[PDB]
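Consider the single chain below, provided in structure tokens and representing the form deposited in one PDB entry.
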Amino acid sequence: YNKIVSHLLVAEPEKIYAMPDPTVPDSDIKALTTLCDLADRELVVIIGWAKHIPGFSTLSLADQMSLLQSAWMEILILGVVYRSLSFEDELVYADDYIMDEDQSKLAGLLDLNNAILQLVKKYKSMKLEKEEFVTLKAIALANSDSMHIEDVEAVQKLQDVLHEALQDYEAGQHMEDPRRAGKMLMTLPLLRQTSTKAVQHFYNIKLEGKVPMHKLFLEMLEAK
């Protein structure tokens, strides 16, 4: 099929482990600390992954940073959503960190994780493919609506290249549904809605100062 899709598939990063501290008693602080630690390490991986998206590394460093600072939460959330598609009412943050409803309650994340579960449910019904997941991640980066872009036409070209990839993929692989590309694009509002609420929630956790957070996660949170 489409070459951009095949390229994004081979550029997909390896999974990483959450490694919750086995000496620490389970608590809301432990869960939130584990999750923000995992996110910090995933952000390093996301920055490296974006260099593989066609045209991304030719943007100015400022525009690269603006896109990543706008899109990082959507990219992280799309990841856990995809990892969770074969599960029922559980979120696979990592192979060693799967959250059920009780754990979400304990961490203070019941409402936020339930919105992520709504995303999972919709993609399950659509039978979201890995090809579509990696293309949507890249589209979410290009379409992230930063207010600080220098070269707007170059970012629009990036959007166009990835959108065309999705169009072409669906036209060749899903002829039974001539609206599947658009259906995939119409899942992005709920992703943006959930990411908006997640950023607000974890910014409040940052302000409360009870959960330690690493440098990169704080930089992305403070920018966003």
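Residue numbers run from 1 along the displayed sequence.
The same protein also exists as the form deposited with a partner chain bound; that form is not shown, yet it is the one meant from here on.
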Is it true that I16, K130 and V134, all three, sit within 4.5 Å of its partner chain in the deposited bound form, judged by heavy atoms? no
Report yes if any heavy atom of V5 sits within 4.5 Å of a heavy atom of its partner chain in the deposited bound form; otherwise report no. no
According to a 4.5 angstroms non-hydrogen atom cut-off, is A39 in contact with its partner chain in the deposited bound form? no
Just checking whether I205 would be counted as a contact of its partner chain in the deposited bound form - the rule being heavy atoms within 4.5 angstroms. no
Although its partner chain is absent from this view, report whether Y169 comes within 4.5 Å of it in the deposited bound form, heavy atoms only. no
